[PDB]
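Survey of secondary and tertiary structure
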Amino acid sequence: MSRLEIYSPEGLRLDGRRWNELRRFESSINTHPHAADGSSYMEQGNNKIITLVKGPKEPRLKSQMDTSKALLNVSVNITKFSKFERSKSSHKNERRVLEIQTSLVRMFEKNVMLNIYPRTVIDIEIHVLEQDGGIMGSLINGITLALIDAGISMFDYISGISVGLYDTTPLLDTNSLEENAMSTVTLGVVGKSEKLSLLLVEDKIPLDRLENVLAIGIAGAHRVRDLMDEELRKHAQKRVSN
Amino acid sequence: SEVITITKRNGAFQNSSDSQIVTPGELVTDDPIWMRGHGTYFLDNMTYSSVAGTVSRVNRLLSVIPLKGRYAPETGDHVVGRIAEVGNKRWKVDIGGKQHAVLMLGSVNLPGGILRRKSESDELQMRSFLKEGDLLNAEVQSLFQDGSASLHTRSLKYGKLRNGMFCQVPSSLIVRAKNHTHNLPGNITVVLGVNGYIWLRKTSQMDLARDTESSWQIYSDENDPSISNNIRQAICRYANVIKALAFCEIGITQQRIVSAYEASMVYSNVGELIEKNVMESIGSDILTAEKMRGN
Amino acid sequence: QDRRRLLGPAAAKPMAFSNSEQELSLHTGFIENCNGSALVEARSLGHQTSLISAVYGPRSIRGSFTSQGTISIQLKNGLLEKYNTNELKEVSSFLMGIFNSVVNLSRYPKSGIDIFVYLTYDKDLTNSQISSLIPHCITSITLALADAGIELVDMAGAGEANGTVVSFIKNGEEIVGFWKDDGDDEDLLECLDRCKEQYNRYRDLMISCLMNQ
Amino acid sequence: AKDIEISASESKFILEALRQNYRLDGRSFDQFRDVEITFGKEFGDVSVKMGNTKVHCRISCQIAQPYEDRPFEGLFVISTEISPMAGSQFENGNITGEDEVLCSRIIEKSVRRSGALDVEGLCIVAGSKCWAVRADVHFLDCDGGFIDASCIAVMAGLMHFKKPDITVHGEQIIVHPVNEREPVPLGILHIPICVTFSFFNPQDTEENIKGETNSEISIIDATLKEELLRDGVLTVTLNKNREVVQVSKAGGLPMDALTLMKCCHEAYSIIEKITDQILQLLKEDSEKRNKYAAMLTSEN
Amino acid sequence: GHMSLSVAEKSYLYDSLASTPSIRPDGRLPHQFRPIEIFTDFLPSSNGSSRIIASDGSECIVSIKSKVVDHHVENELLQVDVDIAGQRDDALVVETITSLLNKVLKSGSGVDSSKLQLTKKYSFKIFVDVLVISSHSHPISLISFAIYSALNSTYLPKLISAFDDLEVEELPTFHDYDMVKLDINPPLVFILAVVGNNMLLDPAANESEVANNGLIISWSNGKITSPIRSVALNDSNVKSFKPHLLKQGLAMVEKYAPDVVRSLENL
Amino acid sequence: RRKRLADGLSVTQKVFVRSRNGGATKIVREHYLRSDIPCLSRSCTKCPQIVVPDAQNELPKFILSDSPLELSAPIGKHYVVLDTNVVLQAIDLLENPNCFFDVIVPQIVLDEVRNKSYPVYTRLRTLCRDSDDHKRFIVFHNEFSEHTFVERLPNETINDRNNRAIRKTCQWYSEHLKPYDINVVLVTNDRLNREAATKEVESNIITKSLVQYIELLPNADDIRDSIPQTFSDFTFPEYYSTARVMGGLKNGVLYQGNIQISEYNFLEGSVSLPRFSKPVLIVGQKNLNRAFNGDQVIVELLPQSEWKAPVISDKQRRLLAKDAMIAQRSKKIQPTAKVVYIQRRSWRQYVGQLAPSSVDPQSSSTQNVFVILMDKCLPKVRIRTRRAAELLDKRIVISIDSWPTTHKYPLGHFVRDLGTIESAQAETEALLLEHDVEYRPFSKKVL
RNA sequence: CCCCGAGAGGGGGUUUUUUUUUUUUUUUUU
Ligand SMILES: [Br-]
Ligand SMILES: [Br-]
Ligand SMILES: [Br-]
Ligand SMILES: [Br-]
Ligand SMILES: [Br-]
Ligand SMILES: [Br-]
Ligand SMILES: [Br-]
Ligand SMILES: [Zn+2]
């Protein structure tokens, strides 16, 4: 029971967007040159994410070294000031966060060509400065951009998106208010394909609605890919022209 | 800005023969005759890009040159590195690549040289020659399967570094050349490693003889006991102008350095060269100088 | 609650109740478990302190190689008065800087000297208090190191005056550490003199303890 | 940690067998293992067996005080600590490993978060005293499918468990023993069942990313050998109400969306058979305990 | 320290810095700071925010959040939380800086806590969260500049209800849109390096490695204030220092701090 | 700032403070400014070209009639834009089938009504949703439209910004509907908007107050009785502020519950409190404080000396509370209290009949009369009317507006005429709606 | 396989958290 107009009869949402509109998507490449080999600053809505890619480089411990592939590590730092209400405890060892880090690794292990960087380590540090729904999808886009900036070989883009289901109405790119009022589905689409790297459903969804929700997400993720690709070629032209 | 220069900004996290640019996943060609090189991958006839960069065609070898990436050691490069660790009969030195380079005990010149008789105690006393933290000149002798470099210092030109200061620039700003050691006005000598690692020292007798009992002290941590302030203040100036060239994405050469060094003389205090507007103008003045001197 | 300790029932709530210049005692070498140990007890006005120091080293460090030794100092809360972990870490860092200027590290390659200071009994009888404990810590660590046989450039001692703590060596000619919380303004000269007096007294008693005992 | 060495021959054989519609145990690609459920003497004691996979769950509860934030809700926790008993591959107490945290999170999102257990009915006196239900899963023998086995073990246990009856006199809790009055069952809102899919790439990565026709192989409820050679995992949880409780494809081999939907529909047919199976074994267990109670009273 | 240097490099640097006309490796003067960039008010979710970038790539982000508390039970009205990337929360450097910073910004020491008071019973608790993305030296002064900038661009909710909970006892209610700017005087923390008999403001990475000692001196209301701490910038070359050096450092800060504040006070 | 996107879409920042349980949280949401907001008028020939389908692939219907109610110049044909206050006060008149046919409700208005009164907001939405050929209500999202969206000027109260926002919507609609010769009338009781339009500083906007607008309709005499509106020996005490009662409930000083008032005794009420075993009595007319039967009221315990036999600080009040619980167990003396706040009124559309005692047949102008509600547990209501002779012997529907601290009896207004008393039509209809029984035919959306 | 040496010698192929418009008779068909 929501007293707010999540989806008005006029087809308008609480923030003004319609059912199939992405939030403000602004990417940024090479933001921390003196701190990492690759870096990206993501702004997807009110979401603010710093992503740092450090590597490929020498492992700090020879015990943890693979002679056939690079070691891929991801650490997500959800800051205590990411939400409106400051969290008292840290999230560093939170099981929810360990799953997120693990999830991201399992995604890019099959995209990043780790086999061509044996005996090395790729460390991915992430700092979430502000959070407002669809943080998982934004995490995916931040890593993909930062990895490309580092000149690390990969097969294709991986675009992330979230889709809510308000009763029967699908809502592309959900914010915090919408996620609190409905079940959402997080997608990780590879390139322009229909293949999903990540399918994440944490709340109840009718089996009949799931296929349609996936269809909306994939279409939306393709637009995220285009925006990422667009901003990347723009930065490429501004650098290659000097 | 008498003491500190603080640039401020509000409401924002931050300030905000054609070369074909391609991104990962992008289709480059559909000609199966091509030999796919680095930066690419293929499936039957289709050849895709794995990195973001420019498509390169050399003969029948199609590859995509990345816009960014660490220094890639080629065989025969003149690099400057720091000893990261010492083990068994080799050192591992930090060059600035994906992996540490190796320096076998048999790839260096032991003190006393040709007259020295072989000793089995050398392998147990390697720390008396090169220990952790030491800087040195070295040549990329060979390459491993993955691409790692094997170094050697079997020359008087190569060896432990002293009598100066260290600084580094992106390796992209330093290219291969006939020679990377250069003599500059002010009695100082630069060592421009291809890996981006740069060593600025007081000009030694060897540096002079290059264009014109000591073998026991080739690994001494001791510096020249007599180094004038004029050389020290020259090193600082050469350091700042190199950082200035690097700040403007300007390729560092021996000519660009000396040109910047003399052009920077406009500014009385050397510390004035650390400010942004000074660095940008110095680099800009060099490009425009090459403009009207070239045409 | 905790699976490694017995902390009792969770619904339980702790019991809350309603409403010369210094006297010293020094002892060394009473802990057979380690290489060096010291007992420092001080009684003055409405505050007494009994702390124990223990030095473990030089022992093995299986990581890379170092030409000199590596010192670590850890302060532990005692039974009575507790302190913030941050505050104990801060004093530990302040103490590390001091003894890295005194301990002849060159004599202990690839070795570790781990110094523990137990704030066993700190009674507050007044019917940042950590500043008044600092000079006693330095005294305990100096005694313990000397008792352990660890080489020292000089007997490091200290003093406290109005929230200002300063440790001296070389007959008070030079300073190996300076600490200041609260206090007043332009009172540096007065604090230095008062602390040097405490430093001199502590150093005499320390030497007297290391010799006669 | 301790690794499981897999030869190239074994890797090539098991994968090639899949290319010929063969799996070593003789099952089908869409075939779920036969689930055997055994109840102990005490309520909440349940043993789940899937082929060689053996898991045991124990439900327990004790009087406790609810959190300040939730004065009307009781406490409920699920423990799934691994041990070297299931194999030397598992480190004792390793509760931060990738697979461990995933499994822990799948179960939590399937039972805890989903609200399978009526935590509101665990409250005795609001903001003062409540029941604290605990589900302890013990992994005895590992042959894959630990998630599916655990979800069944937890649910079968919760539905089999009975807590001591309680009469309330203000704040004075009168806990009736099983000797006085009979114990009271728990409140189950729905019955979540997990079905795990394993993905295999018969070709190379290039044909997975840019390949036209999809050829990735997906099998249901993989054994240990099949689990060690897969390229991607999918765990989907449903109930008889035809709703998805949770879906988790945490990375791995990129898979076609329509194929993932097919898996969800295939899993629904399995969870239906499993749910009905659990209910039947619970009825017979109740009939068995009542028949013995009649034979005990008659002989008394 | 952080940076790794050979014995030769350290000897050259030390002799150059210990010289009577002190020669800095970048040519700076013993009181000149390196150029920094500061961004503010970029976190709308927070009451205040700042981001400082050094010349060596050192980056720090500060966030300011508020919470209504009973000042009769909440002694500390300003809590500083430090998080250095790549370091454990219980690391020695982290906790030390955390403990230090909390003393620098105490309620009744270097901060006008009167501006945080709402009523006779309730006041605003200020959470200063520090995030050090990258740093190559002791980041204490870096963090200090960021906290300063953040606290000078912080906006708190405005009270509507009466301010006498003793009698009428009204529940604290605030306006729906208006926010009052937090007028406060944040202190600054300067760090100095001791090389021989010379004292350097804003020690670089290479400079700190060869330094004999260091000083951490706080600054508030146009004067030197506690906490004042001597600090070993490295651990291989730490030596005792003459008292006149300590008095020189305090004097050095006392004359160059207002210049820093002036360049920092620009809105 | 404001950012322009690729779709011609804009985005800004809506930031407000939410006070909850004595807490202060800064809430920030993003605010998108569109360019495809339909006027929803049949006359418009531009909007249907820029409109987009919703989630279910259905374009919104333009319902506002191309030939609305025509009024004497210079009004002519016209649409009506409502203010927040005129909605909250005369929602009954807004549901009257004989007036308000084409009405435009701004988004900012709809939002304010939702926050101030949810049940009225629901009734207003129902009017928009159940639009037919008789009544037509729409919701123009003015805050989302870049053309009409205004932002707070330096040193400007939120109430003045919102009034300026509504006025901007009227200005936009007026200019937008010029080619169709349809003017817009702003119905507002606020003196700020009327003055800003009277001065005619910027644009020409037809502003009329509620009563002033009604007097321009053909059936003014038939609907004037539906307009919401010394008469004492004593004066009721003022209600406590919301901030005070909220702190009172939290500090165990004040208590809320449902009050019962029997028809056998109107001078005594009793509230059911959770902390107390037996219901707390409320003796007196000042102590009841204009409360109705079934109302959720907030009460304050009276001193022990003021109790019935059949303090300064908060500490003493909690002690008084404990002494009250003890006294309830003893059954000798019973604690009394006084209502100081009305949480939720049980007010609704009541059925009653005019009392012949308060109506003068000789009077021709407007006069005050009393109406006897069919609920025997409820007081009588004052009514302003001119047709007092025509409503003399009939079952009428009235709705209570307010009950001022001065007035002895609550004030309300006339709504409908059910018919003559003791008739099958009037009595059955009164019978149903008194027991809350929806008898109206099923809406089009239902069928 | 790669590096090194006028003479098939040597060196390497990397290791738990945005969930709360409160009121007076059973049953069946209407
Ligand atoms: Br390399
Ligand atoms: Br215990
Ligand atoms: Br609850
Ligand atoms: Br098998
Ligand atoms: Br100043
Ligand atoms: Br509706
Ligand atoms: Br109550
Ligand atoms: Zn229009």
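Reading the values: the criteria
Residues numbered from 1 in each chain as written, not as in the entry; some residues may be left out. Chains lettered and ligands numbered in written order. Part of a larger assembly, values for the part shown. Heavy atoms only, no water. Residues with missing side-chain atoms left out of burial classes, pairs and counts. Helix = DSSP H or I, 4+ residues; strand = E, 2+ residues; numbered from the N terminus. 1 Å grid on protein atoms, 1.4 Å probe; cavity = no way out; pocket = protein on both sides within 12 Å on 5 of 7 lines; lining within 4 Å. Points joined across faces, edges and corners; volume = space filled by probe spheres on them. Nonpolar A, V, L, I, M, F, W, Y, C, P; charged D, E, K, R; others polar. Expected span 1.5 Å × (residues − 1). Buried < 20%, exposed > 50% of the residue type's maximum accessible area, 1.4 Å probe, protein only. Donors = N, O, S within 2.8 Å, 3.2 Å for Na, K, Ca; no water. Near = heavy atom within 4 Å. Polar contact = N/O pair within 3.5 Å; in protein donor to acceptor, adjacent residues only side chain to side chain. Patch = residues over 30% accessible without salt bridge, like charges linked within 9 Å, V, L, I, M, F, W, Y side chains within 5 Å. Areas by Shrake-Rupley, 256 points an atom, 1.4 Å probe, with all protein chains shown as cover. Salt bridge = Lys/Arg side-chain N within 4 Å of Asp/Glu carboxyl O. Pairing = 2+ DSSP bridges. Axes fitted to C-alpha atoms, helices over the stretch in contact; angles between N-to-C directions. Contact = heavy atoms within 4.5 Å. Buried area = accessible area lost by both parts, 1.4 Å probe. Core = buried A, V, L, I, M, F, W, Y, C linked by side-chain atoms within 4.5 Å. Domains from an automatic or database assignment. Disulfide = S-S within 2.5 Å.

Some details on the overall build of chain F
Looking only at helices and strands, chain F features eleven helices and 19 strands. Seen through its C-alpha atoms, chain F measures out along the principal axes to roughly 80 × 60 × 50 Å.

Looking at empty space enclosed by the protein
Residue and element names in this part refer to chain E. One number sums up the size of the largest cavity: a volume of about 260 Å³. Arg34, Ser137, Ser141, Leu142 and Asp202 are the residues nearest the centre of the largest cavity, which is lined by 22 residues in total. Per element, the largest residue contribution to the lining of the largest cavity is three residues, and it comes from helix α3 (residues 140-151). Split by residue class, the lining of the largest cavity holds twelve nonpolar, seven polar and three charged.

A look at helix α3 (residues 146-160) of chain D
Helix length check: α3(D) (15 residues) gives 20 Å between terminal C-alpha atoms against 21 Å at 1.5 Å per residue, within 8%. Within α3(D), 15 of the 15 residues are buried, which leaves the element mostly enclosed by the surrounding structure.

Focus on the coordination of the zinc ion (ligand 8)
Angles at a metal have ideal values that depend on geometry: 109.5 degrees with four tetrahedral donors, 90 or 180 degrees with six octahedral donors. All names here are of chain F. The coordination sphere of the zinc ion (ligand 8) contains the protein donors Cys39 (SG), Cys44 (SG), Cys47 (SG) and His176 (NE2), at a distance range of 2.0 to 2.3 Å. As a motif over one chain, the donors of the zinc ion (ligand 8) read C-x4-C-x2-C-x128-H. Taken together, the residues span a long stretch of sequence, with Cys39 in the loop between β3 (23-33) and β4 (70-71) and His176 in helix α4 (residues 158-176) at a distance of 137 residues. Of the two residues, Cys39 and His176, neither departs from the other in class, the shared state being buried.

Looking at the protein's contact with RNA strand G
Lining the immediate environment of RNA strand G, one finds 16 residues, of which A:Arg3, A:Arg119, B:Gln141, B:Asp146 and D:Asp69 sit closest. Restricting the count to atoms of RNA strand G within 4 Å of the protein gives a sugar and phosphate share of 59%. Within the side chain of A:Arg119, one N or O atom sits 3.2 Å away from a sugar or linking oxygen of RNA strand G. Within the side chain of B:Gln141, a nitrogen or oxygen atom sits 2.8 Å from a sugar or linking oxygen of RNA strand G. For the surface near RNA strand G, a count of residues per class yields three nonpolar, five polar and eight charged.

Concerning a nonpolar patch on the surface
Where nonpolar side chains cluster on the molecular surface, the patch consists of B:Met35, B:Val58 and B:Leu61 and spans about 270 Å² of accessible area. Tracing the chain through its elements places B:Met35 in strand β4 (residues 35-36).

With respect to the sheet that holds strand β16 (residues 181-184) of chain B
Where strands meet in a sheet, backbone hydrogen bonds hold them as pairs that are either parallel or antiparallel. All names here are of chain B. Across the sheet, four strands lie side by side as β15-β18-β17-β16; this open sheet has antiparallel pairing. Looking at strand neighbours, the two that pair on one side only are β15 (164-168) and β16, the edges of this open sheet. On average, adjacent strands in this sheet sit at an angle of 20 degrees to one another, irrespective of strand direction. Relative to strand β17 (residues 188-192), β16 runs antiparallel, the two being bridged by four bridges. Note on β17: the bridge partner recorded for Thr181 is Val191.

A look at the sheet that holds strand β2 (residues 10-20) of chain F
Residues and elements named next belong to chain F. Pairing is antiparallel in the open sheet, where three strands are placed in the order β1-β2-β3. If you trace the sheet from one side to the other, it starts and ends with β1 (3-4) and β3, each paired once. For β2 and β3, the ladder comprises eleven bridges, and the chain directions are antiparallel. Residue pairing in the sheet places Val15 in a bridge with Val28 of β3.

Some details on the pattern of salt bridges
Residue and element names in this part refer to chain E. Overall, the coordinates contain 111 salt bridges over all chains when judged by the stated rule. For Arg262, the salt bridge goes to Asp259, with nearest N and O atoms at 3.6 Å. Residue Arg262 and its partner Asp259 are located together in helix α5 (residues 243-264), separated by three residues, close to a single helical turn. Its relative accessible area of 54% is what places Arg262 among the exposed residues. With a relative accessible area of 24%, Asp259 lands in the partly exposed category.

Thoughts on the pairing of strand β7 (residues 53-58) of chain B
Residue and element names in this part refer to chain B. With two bridges connecting them, strand β2 (residues 21-22) and β7 associate as antiparallel partners. Looking at the pairing, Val22 lines up with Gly53 of β7. Alignment of β7 against strand β8 (residues 61-66), held across six bridges, turns out to be antiparallel. Among the inter-strand pairings, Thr54 is bridged to a residue of β8, identified as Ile65. Between β7 and β8, which follow one another and run antiparallel, lie two residues, and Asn59 among them has a positive phi close to 55 degrees.

Structural notes on the interface of chain A and chain D
Note on interface size: it is often stated as the accessible area lost on association of the parts. Taken together, the contact pairs 32 residues of chain A with 44 residues of chain D. Summing both partners gives a buried area of about 3600 Å² for chain A against chain D, and 56% of it is carried by carbon and sulfur. Considering only the surface of chain A that becomes buried against chain D, A:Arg106, A:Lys195 and A:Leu207 emerge as the three largest contributors, covering 22% of it. Among the salt bridges present, the one from A:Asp203 reaches D:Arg113, with a minimum N-O distance of 2.9 Å. One can count 19 residue pairs in polar contact joining chain A with chain D.

Thoughts on the nonpolar core
In terms of nonpolar packing, the biggest core is built from 137 residues, with A:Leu104, A:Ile122, A:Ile126, A:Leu147 and D:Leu158 touching the most fellow members. Among the elements that line this core, the one with the most residues is helix α6 (residues 257-298) of chain D, at twelve residues. What A:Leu104 contacts, discounting residues up to four positions off in sequence, is A:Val74, A:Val76, A:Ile126, A:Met136, A:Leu139, A:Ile140 and A:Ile143. In this structure, B:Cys236, B:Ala239, E:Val62 and E:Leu233 belong to the second largest nonpolar core, which totals 129 residues.

Quick word on the domain arrangement of chain F
Taken domain by domain, chain F consists of domain 1 (1-232), domain 2 (233-325 + 334-347) and domain 3 (348-419). One C-alpha centre belongs to domain 1 of chain F, the other to domain 2 of chain F; they are set 41 Å apart.

A few points about the pairing of strand β9 (residues 198-201) of chain E
All names here are of chain E. By the alternation rule, side chains of β9 split into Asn198 and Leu200 and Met199 and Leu201, which are all buried. Sheet topology places strand β8 (residues 188-195) next to β9; four bridges connect them, and they run antiparallel. Counterpart to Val194 in the pairing with β9 is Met199. Taken together, β8 and the strand that follows it, β9, pair antiparallel across an intervening segment of two residues, in which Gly196 is found at a positive phi of about 70 degrees.

Regarding the state of the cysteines
The full count for this structure, using the stated rule, is zero disulfides over all chains. Unpaired in terms of disulfides, F:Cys128 finds its nearest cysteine sulfur in F:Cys39, a separation of 15 Å.

Concerning the arrangement of the chains
Of all ten pairs of chains in contact, the one with the most contacts involves chains A and D. A gap remains between chain B and chain F, which never touch, and the nearest two C-alpha atoms on either side lie 8 Å apart. There is no contact between chain D and chain F; across them, the least C-alpha separation is 14 Å.

A few points about the environment of B:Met206
Residue and element names in this part refer to chain B. Within the secondary structure, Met206 is located in helix α1 (residues 205-209). The exposure class of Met206 is partly exposed, given its relative accessible area of 42%. For the pair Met206 and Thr29, spaced 177 residues apart in sequence, the C-alpha separation works out to 53 Å. The contact partners of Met206, leaving out residues within four places of it in the chain, are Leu156 and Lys157.

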